[PDB]
Amino acid sequence: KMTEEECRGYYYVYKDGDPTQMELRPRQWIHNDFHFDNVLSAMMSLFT
Amino acid sequence: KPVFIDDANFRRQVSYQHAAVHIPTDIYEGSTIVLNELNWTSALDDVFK
Amino acid sequence: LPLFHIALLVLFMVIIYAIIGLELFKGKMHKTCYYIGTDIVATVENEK
Amino acid sequence: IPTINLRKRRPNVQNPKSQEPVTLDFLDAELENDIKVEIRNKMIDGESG
Ligand SMILES: *[C@@H]1O[C@H](CO)[C@@H](O[C@@H]2O[C@H](CO)[C@@H](O[C@@H]3O[C@H](CO)[C@@H](O)[C@H](O)[C@@H]3O)[C@H](O)[C@H]2NC(C)=O)[C@H](O)[C@H]1NC(C)=O
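Chains as they are written, first to last, in PDB author numbering: chain A, 962 to 1009; chain B, 148 to 196; chain C, 194 to 241; chain D, 538 to 586.
Written out as structure tokens, the structure is:
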């Protein structure tokens, strides 16, 4: 789901790559913990 | 919230006032593509009846 | 050439702790959590 | 012959159950003859008798 308007709902995860064994998980538009989104933010990433 | 009489010829509780809707699970409902079916398809409940 | 006395000291320091470590922890790490009556290893979501 | 491996079913994931149609054949619902494969073919091609 390539954007935020799509990434709503539930999706199935699959455990150890086995297609017969699945669990529903809600899907959310996650944002990275280190990002380049304002300059202060960019600097923290560079420091890491 | 429908009222669900119990029935024979269906061995389950059922409502004769409207039609249910099944959305599959990985499909989100509320998507414009899905929201627009539940709009136009809502005229079937009169022909169903 | 100057570094030779160091690299001979690093080798005799790995050989002590390879021997000591072996004696202390040999054969210990062969009992992971498993689901009852199954061969699936039971871990939490981001745990190895 | 059904073979399921108990050593590889983790207990709480719920695999698919079934979707196949129940296609039993006339020569498998009853003991087969040669004088019934004549009857069976003769009423697949829409004849009376
Ligand atoms: C799909 O959903 C739309 C939105 O609910 C439905 O359109 C609505 O249809 C009803 C009846 O056709 C409209 O009611 C009418 O309202 C006008 C005043 O706007 C009034 O003069 C009429 O006498 C009647 O009360 C309703 O307004 C209309 N909504 C909009 C925004 O136009 C549509 O019917 C649904 N489609 C199907 C197939 O059910």
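For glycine and all other residues, C-beta sits at the position ideal for the given N, C-alpha and C.
Quick one: grab the DSSP three-state call for residue i.
i: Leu-985 (chain A); result: strand
i: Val-559 (chain D); result: coil
So is residue i in contact with chain D if we call contact Cβ pairs under 8 Å?
i: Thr-236 (chain C); result: no
i: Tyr-210 (chain C); result: no
i: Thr-231 (chain C); result: yes
i: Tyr-228 (chain C); result: yes
i: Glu-966 (chain A); result: no
Below 8 Å on the Cβ atoms is my contact criterion, and I expect residue i with residue j to pass it. Report the Cβ-Cβ distance as a whole number of Å.
i: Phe-995 (chain A); j: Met-1005 (chain A); result: 7 Å
i: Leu-985 (chain A); j: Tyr-971 (chain A); result: 5 Å
i: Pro-548 (chain D); j: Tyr-227 (chain C); result: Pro-548 (chain D) to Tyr-227 (chain C), Cβ: 12 Å. No contact.
i: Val-161 (chain B); j: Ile-152 (chain B); result: 7 Å
i: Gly-230 (chain C); j: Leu-568 (chain D); result: The pair is not a contact, with the Cβ atoms about 43 Å apart (cut-off 8 Å).
For residue i, count the other beta carbons within 10 Å of its own beta carbon; 16 or more makes it buried, fewer makes it exposed. Which is it?
i: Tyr-175 (chain B); result: buried
In angstroms, rounded to a whole number, what distance separates the CA positions of residue i and residue j?
i: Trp-990 (chain A); j: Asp-977 (chain A); result: 24 Å
i: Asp-193 (chain B); j: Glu-184 (chain B); result: 16 Å
i: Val-207 (chain C); j: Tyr-973 (chain A); result: 47 Å
i: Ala-155 (chain B); j: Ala-190 (chain B); result: 27 Å
i: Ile-576 (chain D); j: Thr-560 (chain D); result: 19 Å
i: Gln-164 (chain B); j: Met-580 (chain D); result: 44 Å
i: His-223 (chain C); j: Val-550 (chain D); result: 27 Å
i: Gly-177 (chain B); j: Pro-987 (chain A); result: 15 Å
Does chain A have any CB closer than 8 Å to the CB of residue i?
i: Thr-172 (chain B); result: yes
Any beta carbon of chain C sitting closer than 8 Å to that of residue i?
i: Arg-544 (chain D); result: yes
Shorter than 8 Å from the beta carbon of residue i to some beta carbon of chain B?
i: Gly-978 (chain A); result: no
So if I threshold CB-CB distances at 8 Å, which residues from the stretch 544–571 of chain D count as touching chain G? Given the protein chain composition of this structure (A, B, C and D), no chain G is represented.
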